[PDB]
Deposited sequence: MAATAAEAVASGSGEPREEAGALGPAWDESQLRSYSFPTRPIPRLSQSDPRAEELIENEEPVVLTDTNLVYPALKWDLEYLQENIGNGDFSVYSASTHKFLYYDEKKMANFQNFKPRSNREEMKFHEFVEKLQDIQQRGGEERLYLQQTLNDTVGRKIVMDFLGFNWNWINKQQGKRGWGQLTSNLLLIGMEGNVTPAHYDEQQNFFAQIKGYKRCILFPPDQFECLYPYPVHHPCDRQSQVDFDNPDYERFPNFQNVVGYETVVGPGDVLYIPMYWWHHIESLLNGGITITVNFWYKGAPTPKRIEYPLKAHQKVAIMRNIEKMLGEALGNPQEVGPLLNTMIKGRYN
């Protein structure tokens, strides 16, 4: 049930702003950072929404005007699509799958250019969609530098230390239009996902749902993304998608969602909710040290087999046929 905004400002959102899917879900717990149960969840690599970390407190005032005015003149990656779906793809892997045609295109532009583009679409009633996704770096301006330094490093550094994580590799700034969707995928880093402006519905699946989510081949550009079109699921190709069960929540300004490494996540900016802003915090996982093996360890194993085969056969397109030859009439 949608939370009530302080000062009797009404429900933050309603059901009609959520897209409709074929699978059930249960809620991700929303807890205080001081609550021992929250610590227990993170320790165990289970998702939790923390409501009071103040992780990005200084960024809560961010909006397009403030950012355009202060974020500097560095380049920003902006994806353009004609669909609500922004399927991530790795450009370096495109040569090995000549037949892959991306539904979204990347363009590098200045921030003010991104804003202007957003403005032209609105005014002309265009259907085009943009999604800015850019790692925060040294070209940001002084005020942004001041804001960034004001993030709650004390709290997050302790988390990093307590969990034995590796280094912070980056902070991705995400600015999306209402209705934008990042289709289901998993990342190989730990993530504290800090919501800043607007609302995002986040649907997560544990690593043990690998069999229901059908990730692309490792060498395909959409490595780590699910092949299933959540809007039109092909049960003939992906029969176990009928058994998938998610954990969901809607995060708003001030909320931080722990997205544990290897956990699948599908993220959508609420329909008619305006633009969204998020900053994530990606950390390398702890080192690999006991049976039974965890789901995520089996995932790691499968990825490695795929990678080794690709290298040994000298052509990633030969991976499938060898794998098939290995199992038919033998293990299946």
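K.L.:
Where along the deposited sequence are residues missing from the model?
P.N.:
Gaps vs deposited seq, in order: 1 to 14, 304 to 306.
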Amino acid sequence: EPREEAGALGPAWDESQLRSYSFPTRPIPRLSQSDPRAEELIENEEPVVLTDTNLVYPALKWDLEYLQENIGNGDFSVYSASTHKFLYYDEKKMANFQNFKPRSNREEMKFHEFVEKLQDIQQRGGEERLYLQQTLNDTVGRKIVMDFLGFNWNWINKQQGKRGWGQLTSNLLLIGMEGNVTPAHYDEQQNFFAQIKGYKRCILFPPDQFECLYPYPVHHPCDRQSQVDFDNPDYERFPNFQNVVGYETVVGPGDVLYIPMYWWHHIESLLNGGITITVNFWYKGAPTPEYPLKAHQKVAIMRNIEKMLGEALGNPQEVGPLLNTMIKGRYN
From here on, numbers count along this sequence of modelled residues.
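C-alpha atoms forming the largest set that superposes within 1.5 Å between two forms make up the rigid core.
K.L.:
Do the Cα atoms of 96 to 104 stray more than those of 207 to 215 in 8 other deposited structures of this protein, or is it the other way round, with the core held fixed?
P.N.:
Between the two stretches, 96 to 104 moves farther in 8 other deposited structures of this protein.
K.L.:
If you average the CA temperature factors over each stretch, which comes out higher, 119 to 127 or 142 to 150?
P.N.:
Of 142 to 150 and 119 to 127, the stretch with the higher C-alpha B-factor average is 119 to 127.
K.L.:
What stretch has the higher average Cα B-factor here, 316 to 324 or 13 to 21?
P.N.:
Per the deposited B-factors, the answer is 13 to 21.
K.L.:
Which one of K101, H220, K200, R224 shows the top CA temperature factor in the record?
P.N.:
That would be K101, according to the entry.
K.L.:
Highest Cα temperature factor in the entry, among the options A184, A81, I175, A194: which one is it?
P.N.:
Checking the PDB record, the top C-alpha B-factor among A184, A81, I175, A194 is at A81.
K.L.:
Considering only modelled residues of the same chain, in which third does the CA B-factor of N304 rank: lowest, middle or highest?
P.N.:
Its C-alpha B-factor, which the entry lists for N304, ranks in the lowest third among residues of this chain.
K.L.:
Taking the values exactly as deposited, rank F238 by C-alpha B-factor within its chain and report the matching third: lowest, middle or highest.
P.N.:
Lowest third, going by the recorded CA B-factors of the chain.
K.L.:
Looking at the C-alpha B-factor of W62, is it in the lowest, middle or highest third of its chain?
P.N.:
It belongs to the middle third of the chain when residues are ordered by C-alpha B-factor.
K.L.:
C-alpha B factor of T53, ranked within the chain: lowest, middle or highest third?
P.N.:
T53: CA B-factor falls in the lowest third of its chain.
K.L.:
Pull the Cα B-factor of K284 out of the PDB entry and bin it into the chain's lowest, middle or highest third.
P.N.:
It belongs to the middle third of the chain when residues are ordered by C-alpha B-factor.
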